[PDB]
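Same protein, same chain, two forms; see structure 1 and structure 2 below, as structure tokens.
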Structure 1
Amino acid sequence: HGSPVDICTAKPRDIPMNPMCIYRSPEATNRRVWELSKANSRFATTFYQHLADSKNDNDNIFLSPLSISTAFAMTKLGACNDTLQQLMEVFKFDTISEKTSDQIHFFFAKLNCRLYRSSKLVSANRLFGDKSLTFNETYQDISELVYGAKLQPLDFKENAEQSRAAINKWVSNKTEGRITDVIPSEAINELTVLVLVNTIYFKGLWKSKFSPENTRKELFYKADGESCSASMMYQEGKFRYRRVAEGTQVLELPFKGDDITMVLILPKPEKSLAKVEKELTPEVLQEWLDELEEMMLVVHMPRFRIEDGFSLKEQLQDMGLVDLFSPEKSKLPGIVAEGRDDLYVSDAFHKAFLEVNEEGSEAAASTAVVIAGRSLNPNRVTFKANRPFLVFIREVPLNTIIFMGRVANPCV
């Protein structure tokens, strides 16, 4: 009698499932799966902000924070010491009050089971290790059981570029031809050892379809004030909506099953999207969603397609002292007379001197922090018009942000 092992159902009894190292973290569904979605959502918003920071407000942005959280959780499996701790912290997995890092994989397995079990929402993970190497069995086993990531051998040593073409094809296969060149040229060479890959594919139909005979060409105004032609869709009906504080709007468009929805966030005609992006936290997002009431309204949005991509190594390691140097984001309310927070460090310098001779040595140094007050120029476009907005594709019962981004240019 043979029975296929399944983590969703229960853990094996003999197959060892313990990572090589362990990090003990500080401090209406499953408490575990819930707290993990909360951590994931915390990485999504935090990462998004940093991402949006390094880009031009005229550029679109689109990513799957869940996808990223998944790939690195998979990579975490073999991490140790400091590498493991940083990973735990960077992805907010350590915000799960008291819990060893190895428990994260199982909660992650419980989440993926609930997510990928109306509207198509699939995911596939895979490991591509070099054929000449011998990979650790427990690692290979945990990866297959927790993330369903089997290890496929490739010849990086002798056939890098062909191996790359292989991994890219696999991913094109798991995303219906949508993601074709995930791994760039020269990214893989004879020194490569293992490539961990995650993919997520989603395609749903509106619970409340739009009718083609109602789409119209209209001018859409970008952040820099320039305009372009856009096809705007139109329909009126009952939709969950809400006009929050400062005038921000939140609109939820659900897909056939109702458990996956698209949430649109538009700032007040006078305020910029950047104001809404910096204020974005997982709690704020939750408050908005919470206080959403259904009502008769006219939904007016552009039909478009956007493709985006970026290096995580680059983005992840550039999260240092950012706010203090930003006129918009800097918060230094304590310095001046009465809360004046337009203060920000315009620049800081350091000078040092060292002399060593027969009698001894002399050393000097000075650090200068230069704070200045400034402002943000007014927004070019103030009149009501089609402007850029935020987009989220959520799984509601699981409180999970699958996709998210900024639709800054839905043209041509």
Structure 2
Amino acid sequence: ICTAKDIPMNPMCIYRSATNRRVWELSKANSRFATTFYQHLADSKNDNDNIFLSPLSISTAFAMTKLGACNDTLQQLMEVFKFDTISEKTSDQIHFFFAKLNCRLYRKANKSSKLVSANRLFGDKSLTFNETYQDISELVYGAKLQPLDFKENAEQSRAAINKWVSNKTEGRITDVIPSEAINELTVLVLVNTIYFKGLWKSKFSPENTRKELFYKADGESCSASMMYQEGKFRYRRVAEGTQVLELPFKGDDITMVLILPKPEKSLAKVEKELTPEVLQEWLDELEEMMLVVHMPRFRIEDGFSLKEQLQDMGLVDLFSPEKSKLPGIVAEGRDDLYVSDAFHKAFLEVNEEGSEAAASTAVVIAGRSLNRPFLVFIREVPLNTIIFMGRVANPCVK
């Protein structure tokens, strides 16, 4: 709906609880879901484990899912993704703000870094989806509905979807859908993708990079290539000796924030207390300063279902075959569609030239159920959005 093509129409179940304040609002909601998501996730993983995701991707894919949700399934969706925090209830205006949001995000607010996003739907080549549902998906999310033979060729189906994502992620993301997620009973598959590649506004030089000794929790040793640089950066040593460092990209509208808990300190606290407000506070305190950066040259992949975590977060209905409500999707009889499962997969690569991240979130309808430090944040400055985020627990990567 990117002011090229408010005014536009959209019809389905609607729930009730410059105007950029709505977009800025949306960004906050999005950010609120991110920190809360990160926690659960963290709380579920081993402290010394890697974490990497694009909460933004999760947001989108779920907003896309929201398009055909009904009374309560919709409500949860609204509350969980914090949609109900923006001003003016209008369930339908969410998608519009998202449209505007994504707009500014991927469309020509440019050229110093690569910020692309693609979305798509994959329904059964035999069913008849709601035309409006289809049209609003392509209009808001730019999501086209690709017919896939789930009944007769589910495996091939998955594979196809995975190949699409791979195309859309520069090969970075393959495998978003696991080996048995798609079956004969899959009606549709909502998919989002995000791809970033950026150049360091101030880059490290391979000449200063040095390999070195990396110890793990009770585990032996590994080798890490540590980058080095000296320069003026927006830094700040916050409470408890926690460090906060900002590394912008040539595409200065985009930056990478590092949060290092005081050496030997449990990352757990900081994380445990994570709020967008706490974050924003850190930011607001950053001062420019000459310093030496010891940063690793590394890569990290992250994959996982979202079902469990989102369930704990209040997303229950959506997942129940019995109480799920997604009536506005298939033209005839859309009266039995739960989200079997949802998957996420993120890739992160950091080196001397810059950084490169990618992720995918794919919601499947009626399918088959089932080493010390670091915090990363790739954010959109003007837009106040967390694109990517994670924990780097192993720089000597496999």
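Rigid core: the largest C-alpha set superposing within 1.5 Å between the two forms. Just so we're on the same page, residue numbers count up from 1 along structure 1's sequence.
- Just one of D308, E137, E283, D341 moves its Cα by 2 Å or more between the two structures on a rigid core overlay, and this residue is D341.
- Core-superposed comparison between the two structures: the CA of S330 exceeds or equals a 2 Å shift.
- Once both forms are fitted on their rigid core, the CA atom of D259 lies less than 2 Å apart between the two structures.
- Core-superposed comparison between the two structures: the CA of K222 exceeds or equals a 2 Å shift.
- For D318, the displacement of the CA atom between the two structures, after superposition on the rigid core, amounts to 3.2 Å.
- Per-residue C-alpha deviation between the two structures, core superposed: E270, 4.3 Å.
- Taking the core as the reference frame, the CA atom of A352 shifts 46.6 angstrom between the two structures.
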